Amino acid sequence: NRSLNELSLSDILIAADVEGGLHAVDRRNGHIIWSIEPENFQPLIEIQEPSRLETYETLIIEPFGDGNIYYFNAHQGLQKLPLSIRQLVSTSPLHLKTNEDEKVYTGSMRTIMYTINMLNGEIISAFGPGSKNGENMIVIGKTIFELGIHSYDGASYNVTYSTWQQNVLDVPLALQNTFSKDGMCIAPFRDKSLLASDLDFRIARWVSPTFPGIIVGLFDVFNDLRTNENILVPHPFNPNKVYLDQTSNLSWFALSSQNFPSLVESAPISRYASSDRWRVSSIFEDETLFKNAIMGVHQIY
């Protein structure tokens, strides 16, 4: 546990999907060893805004890391804000009386730990502001943000954005996992799948089956052969368009090419991006038309 150098790279890999389910996929073929349904945890992003159909705007966050914020309005397509969800929460409470209208940003961030049996996928015990219960198992953390923005005109937001993560002990290991110890090297790919390529010359080796939702979180698992622990570390990632889509609860989310180069390149150009017969107003009056319009890849400027 001091130098990632010593430690077996396990054949297990751990994936999180955008609907907030957790699966263990086998690093050698992309076989789905087991999944856990997201009733067991929390939705990864759930944005609750004042209304897409009256105003032609929607709030959108990239469900990754700090949870970066983006925004789309039918008048000027998709924009990236210089704000992060963690970062906003970390600067509450903020009251701003623009001069004109005033907002109030009140935050909330929780921490939780689960220990899960690898072999199987059963949650052995769950800790923290969550539900405190009591071999070859693994312990995984998950931070959960929740920004509430309270505008007095009434234009009332309420995003909640959760995100998995290693035990903050092991995080110095993560700076050592600079490229897969393995030759392999796996990423989210098209149609809710993982694709694994070789490192040398970027060539597809395996494709996984489908996951209930797009895979947005990825973990290598190492073995301390002395202490016999299952320490887990994020899978590294290889060296300005973003791809939009929505979760099942209908919240919009982004995947930047910075973070999801591999997916965003295999992704179709969004209709809105392509033809103005899709940027006309009638379109954003209807939910289904809207969805169809902006889903896919745009290119922020």
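Residue indices: 1-based, along the sequence shown.
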*Should the segment between residue 134 and residue 135 be described as having none, 1 to 3, 4 to 9, or 10 or more unmodelled residues of the deposited sequence?*
10 or more
*asked:* I want to verify a possible break: how many residues of the deposited sequence sit between residue 239 and residue 240 without any coordinates (none, 1 to 3, 4 to 9, 10 or more)?
replied: 4 to 9
*Return whichever of 226-234 and 171-179 has the greater mean Cα B factor according to the PDB record.*
226-234
*According to the deposited model, is the average Cα temperature factor higher in 35-43 or in 269-277?*
35-43
_According to the Cα B-factor stored in this entry, which of the following is highest: 109, 74, 112, 138?_
138
*Determine which member of 146, 100, 191, 220 has the highest CA B-factor, using the values in the deposited entry.*
100
*Once the chain's modelled residues are ordered by C-alpha B factor and cut into thirds, is residue 119 in the lowest, middle or highest one?*
highest
*Of the three thirds of its chain by CA temperature factor, lowest, middle or highest, which one includes residue 212?*
lowest
*Which third of the chain does residue 158 land in by C-alpha B-factor: lowest, middle or highest?*
highest
*Among the modelled residues of its chain, does the C-alpha B-factor of residue 142 lie in the lowest, middle or highest third?*
lowest
*Sorting the chain's CA B-factors, does residue 246 end up in the lowest, middle or highest third?*
lowest
